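Asker: Below you'll find the structure I mean.
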Amino acid sequence: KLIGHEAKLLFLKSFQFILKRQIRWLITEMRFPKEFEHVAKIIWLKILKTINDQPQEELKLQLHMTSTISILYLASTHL
RNA sequence: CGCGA
DNA sequence: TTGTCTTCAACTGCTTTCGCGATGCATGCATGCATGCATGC
């Protein structure tokens, strides 16, 4: 039934999806700027590209909820 | 062994 | 000693025409709750 060994993709897709879900709720409900999004695509882009420049079935991934919040804060603070 | 002459 | 018709008595066959109409016992999957094992971060 469920994917094997390269559900790394679905993992990063529920993760990415859940993040964008949170941004929808913070521009909408917390009256953030539209710019935040592009700031966030950049930071999560940077680290997505870094885990996909260390991507291997010998996998060492640690995307936690803490990572979501961490890139929101990270991006907010640049802004 | 139940239904019809 | 012996012949056999004598007698009672153990087996054994059928019955007016058509339509409407298996039991028990072992094996294992099923259900549910609680420990363990595998995936991921």
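Chain labels follow the order of the structure tokens: the first chain is A, the next B, and so on; residue numbering restarts at 1 in every chain, and ligands are counted from 1 in their shown order.
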Fewer than 2 positions away in the same chain doesn't count, so skip those; otherwise give me all residues within 12 Å of residue A:38, counting only C-alpha atoms (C1' of nucleotides), as a compact mmCIF listing (two decimals) with N, CA, C and O atoms, in the first residue's frame.
Answerer:
# COMPACT_ATOMS: atom_id res chain seq x y z
N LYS A 20 3.12 25.65 3.88
CA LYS A 20 2.29 26.61 3.14
C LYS A 20 0.91 26.78 3.77
O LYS A 20 0.36 27.89 3.78
N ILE A 23 1.34 29.31 6.44
CA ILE A 23 1.49 30.67 5.92
C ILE A 23 0.14 31.25 5.49
O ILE A 23 -0.18 32.41 5.77
N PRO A 33 2.68 40.22 5.64
CA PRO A 33 2.84 40.61 4.23
C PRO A 33 2.95 39.43 3.26
O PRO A 33 3.45 38.34 3.60
N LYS A 34 2.50 39.67 2.02
CA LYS A 34 2.62 38.66 0.97
C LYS A 34 4.06 38.30 0.71
O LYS A 34 4.33 37.20 0.21
N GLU A 35 4.99 39.20 1.05
CA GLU A 35 6.42 38.99 0.83
C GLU A 35 6.93 37.82 1.65
O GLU A 35 7.90 37.14 1.24
N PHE A 36 6.33 37.59 2.81
CA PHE A 36 6.82 36.51 3.68
C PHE A 36 6.97 35.23 2.89
O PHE A 36 8.02 34.58 2.93
N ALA A 40 10.07 32.67 2.52
CA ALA A 40 9.99 31.31 3.03
C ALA A 40 10.34 30.27 1.96
O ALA A 40 11.10 29.33 2.24
N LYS A 41 9.76 30.40 0.76
CA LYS A 41 10.21 29.61 -0.39
C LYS A 41 11.72 29.70 -0.56
O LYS A 41 12.36 28.71 -0.94
N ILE A 42 12.31 30.86 -0.30
CA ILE A 42 13.77 30.93 -0.41
C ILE A 42 14.44 30.12 0.69
O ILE A 42 15.35 29.34 0.40
N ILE A 43 14.03 30.26 1.96
CA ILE A 43 14.81 29.59 3.01
C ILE A 43 14.62 28.07 2.96
O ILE A 43 15.58 27.28 3.05
N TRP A 44 13.36 27.63 2.85
CA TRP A 44 13.03 26.21 2.70
C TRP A 44 13.53 25.67 1.38
O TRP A 44 13.77 24.47 1.25
N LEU A 45 13.63 26.54 0.38
CA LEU A 45 14.33 26.20 -0.85
C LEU A 45 15.79 25.90 -0.58
O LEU A 45 16.32 24.88 -1.03
N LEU A 72 9.77 29.83 9.62
CA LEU A 72 8.94 31.02 9.80
C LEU A 72 9.69 32.09 10.58
O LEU A 72 9.91 33.19 10.08
N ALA A 75 12.65 33.51 8.63
CA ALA A 75 12.26 34.42 7.56
C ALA A 75 11.72 35.75 8.10
O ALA A 75 12.10 36.84 7.62
N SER A 76 10.83 35.68 9.09
CA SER A 76 10.35 36.88 9.79
C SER A 76 11.51 37.76 10.21
O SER A 76 11.48 38.98 10.02
N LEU A 79 13.14 39.69 7.63
CA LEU A 79 12.23 40.79 7.33
C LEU A 79 12.08 41.78 8.47
O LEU A 79 11.32 42.75 8.33
Asker: With a distance cut-off of 12 Å and only C-alpha atoms (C1' of nucleotides), select the neighbouring residues of residue A:64, excluding the residue or stretch itself and same-chain residues fewer than 3 positions from it, and output the selection as a PDB file with N, CA and C atoms (P, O5', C5', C4', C3', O3' and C1' of nucleotides), in the first residue's frame.
Answerer:
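The resulting file, out-v9.pdb, is shown below:
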ATOM      1  N   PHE A  11       7.045  12.539   2.166  1.00  0.00           N
ATOM      2  CA  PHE A  11       7.415  13.227   3.394  1.00  0.00           C
ATOM      3  C   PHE A  11       7.603  14.712   3.127  1.00  0.00           C
ATOM      4  N   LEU A  12       8.543  15.052   2.239  1.00  0.00           N
ATOM      5  CA  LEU A  12       8.777  16.467   1.975  1.00  0.00           C
ATOM      6  C   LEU A  12       7.537  17.156   1.394  1.00  0.00           C
ATOM      7  N   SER A  14       4.078  16.441   2.290  1.00  0.00           N
ATOM      8  CA  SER A  14       3.233  16.786   3.438  1.00  0.00           C
ATOM      9  C   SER A  14       3.891  17.856   4.304  1.00  0.00           C
ATOM     10  N   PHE A  15       5.223  17.871   4.356  1.00  0.00           N
ATOM     11  CA  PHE A  15       5.906  18.886   5.141  1.00  0.00           C
ATOM     12  C   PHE A  15       5.761  20.245   4.484  1.00  0.00           C
ATOM     13  N   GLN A  16       6.267  20.364   3.258  1.00  0.00           N
ATOM     14  CA  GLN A  16       6.060  21.573   2.466  1.00  0.00           C
ATOM     15  C   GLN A  16       4.592  21.998   2.468  1.00  0.00           C
ATOM     16  N   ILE A  18       2.252  21.344   4.641  1.00  0.00           N
ATOM     17  CA  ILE A  18       1.792  21.807   5.946  1.00  0.00           C
ATOM     18  C   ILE A  18       2.330  23.208   6.216  1.00  0.00           C
ATOM     19  N   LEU A  19       3.581  23.470   5.826  1.00  0.00           N
ATOM     20  CA  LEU A  19       4.124  24.820   5.949  1.00  0.00           C
ATOM     21  C   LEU A  19       3.259  25.823   5.192  1.00  0.00           C
ATOM     22  N   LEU A  61      17.532  12.443   7.659  1.00  0.00           N
ATOM     23  CA  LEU A  61      16.583  13.547   7.585  1.00  0.00           C
ATOM     24  C   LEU A  61      15.950  13.763   8.950  1.00  0.00           C
ATOM     25  N   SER A  67      11.152  22.496  12.756  1.00  0.00           N
ATOM     26  CA  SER A  67      11.779  23.046  11.553  1.00  0.00           C
ATOM     27  C   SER A  67      10.864  24.040  10.852  1.00  0.00           C
ATOM     28  N   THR A  68       9.582  23.691  10.723  1.00  0.00           N
ATOM     29  CA  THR A  68       8.561  24.612  10.219  1.00  0.00           C
ATOM     30  C   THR A  68       8.611  25.959  10.938  1.00  0.00           C
ATOM     31  N   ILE A  69       8.369  25.925  12.253  1.00  0.00           N
ATOM     32  CA  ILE A  69       8.443  27.162  13.017  1.00  0.00           C
ATOM     33  C   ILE A  69       9.793  27.832  12.818  1.00  0.00           C
ATOM     34  N   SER A  70      10.877  27.050  12.768  1.00  0.00           N
ATOM     35  CA  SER A  70      12.206  27.651  12.664  1.00  0.00           C
ATOM     36  C   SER A  70      12.361  28.456  11.385  1.00  0.00           C
ATOM     37  N   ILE A  71      11.741  28.031  10.292  1.00  0.00           N
ATOM     38  CA  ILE A  71      11.938  28.815   9.079  1.00  0.00           C
ATOM     39  C   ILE A  71      10.952  29.964   9.008  1.00  0.00           C
TER      40      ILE A  71
ATOM     41  P    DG C  40      10.494   5.325   6.792  1.00  0.00           P
ATOM     42  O5'  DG C  40      10.400   6.506   7.858  1.00  0.00           O
ATOM     43  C5'  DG C  40       9.193   6.727   8.611  1.00  0.00           C
ATOM     44  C4'  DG C  40       9.401   7.837   9.615  1.00  0.00           C
ATOM     45  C3'  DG C  40      10.369   8.935   9.188  1.00  0.00           C
ATOM     46  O3'  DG C  40       9.975  10.188   9.735  1.00  0.00           O
ATOM     47  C1'  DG C  40      11.218   7.842  11.100  1.00  0.00           C
ATOM     48  P    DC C  41      10.414  11.549   9.015  1.00  0.00           P
ATOM     49  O5'  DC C  41      10.827  12.483  10.237  1.00  0.00           O
ATOM     50  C5'  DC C  41      10.090  12.452  11.474  1.00  0.00           C
ATOM     51  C4'  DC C  41      10.974  12.887  12.619  1.00  0.00           C
ATOM     52  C3'  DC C  41      11.946  14.019  12.304  1.00  0.00           C
ATOM     53  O3'  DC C  41      12.164  14.826  13.457  1.00  0.00           O
ATOM     54  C1'  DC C  41      13.164  12.074  12.863  1.00  0.00           C
TER      55       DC C  41
END
Asker: I need the residue nearest residue B:4 from this list: C:25, C:18, C:3, C:11. Use only C-alpha atoms (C1' of nucleotides) for the distance.
Answerer: C:18
Asker: Using DSSP assignments from the backbone, pull out every residue in chain A that falls under alpha helix (DSSP H) and give it to me as number ranges by chain.
Answerer: A: 8-30, 35-51, 65-78
Asker: Rounded to one decimal place, report the atom CA of residue A:57-atom CA of residue A:74 distance in Å.
Answerer: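 Distance reported for this atom pair: 28.9 Å.
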Asker: Calculated over only C-alpha atoms (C1' of nucleotides), which of the candidates A:46, A:31, A:60, A:13 has the smallest distance to chain C?
Answerer: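 Closest to chain C, using only C-alpha atoms (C1' of nucleotides): A:60.
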